[PDB]
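Just the one chain here, laid out as structure tokens, in the form deposited in one PDB entry.
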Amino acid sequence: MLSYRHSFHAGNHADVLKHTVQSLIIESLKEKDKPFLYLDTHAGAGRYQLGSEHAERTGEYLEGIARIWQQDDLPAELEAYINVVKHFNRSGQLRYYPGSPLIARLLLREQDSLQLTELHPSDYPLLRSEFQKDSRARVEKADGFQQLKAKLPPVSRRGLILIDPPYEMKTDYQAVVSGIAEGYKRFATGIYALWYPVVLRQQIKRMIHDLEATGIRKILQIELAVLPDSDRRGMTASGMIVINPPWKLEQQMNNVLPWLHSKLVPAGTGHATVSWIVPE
């Protein structure tokens, strides 16, 4: 029960993909002056210490953010995200990694809003202190999936909903789908970004089945695999499923995925794809 700790994984290849997509979506939303909501259902601590014992045990950040953040030929699509990372590592050494709530905190504007939830008794107080005196943000110790009912639609009528669970309980694979259907019912023009791991390809196929069955349209799938699928290799890939993706997102991902994959996976194994689960 809440035994998952994101500090082991912070800044790994999956975070790099996830936060790339988050930032691009946010930048798109800012192309209109009107305010929007950023909703993070499973928000985490806010930032992560990479020198921590948990990070270095896996050291997964070494094969993720570390391989891209100082590249001189960084694609223009990655600048906003990487400039947030640099902000938290101004010494030029990689010591801290910003979670989704801090990427949002620095990319959102004065008029925009954040609604964040985190249940874990270590991570919640940490997240709360990240947002003291930032009156744009509401931070609660509550179930994230329940927010898709309670907080939608936003008063602004615009927004990004990031659903990023740890999949520690297998039930998450169903809960993400029913959660999205509940959210969509309330706010059908929302942008929903669902992160998923590939541990067993089986469970992803089924999840995508259930998503298709909701009848929701306009669903984009972005996946980066560092290894081919297996049933004995832990997490070999991760992806972002985006409902109502912004107009440029498909092209931006086509622009940046080959570079990303080349940097994250120098051996060239696995794959990286962008395609539609359900077209318009």
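When you see a residue number, it is the position in the sequence shown, counting from 1.
This protein has a second form, the form deposited with a small molecule bound, left out of what is shown; the following refers to that one.
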| query | finding |
| --- | --- |
| Contact test, all of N12, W195 and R233, partner the small molecule in the entry with it bound, heavy atom 4.5 Å | yes |
| Heavy atom within 4.5 Å of the small molecule in the entry with it bound - the one residue of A181, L74, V199, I208 that qualifies | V199 |
| Stretch from 219-227, 28-36, 234-242, 64-72 whose residues place a heavy atom within 4.5 Å of the small molecule in the entry with it bound | 234-242 |
| Close approach of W276 to the small molecule in the entry with it bound, 4.5 Å, heavy atom | no |
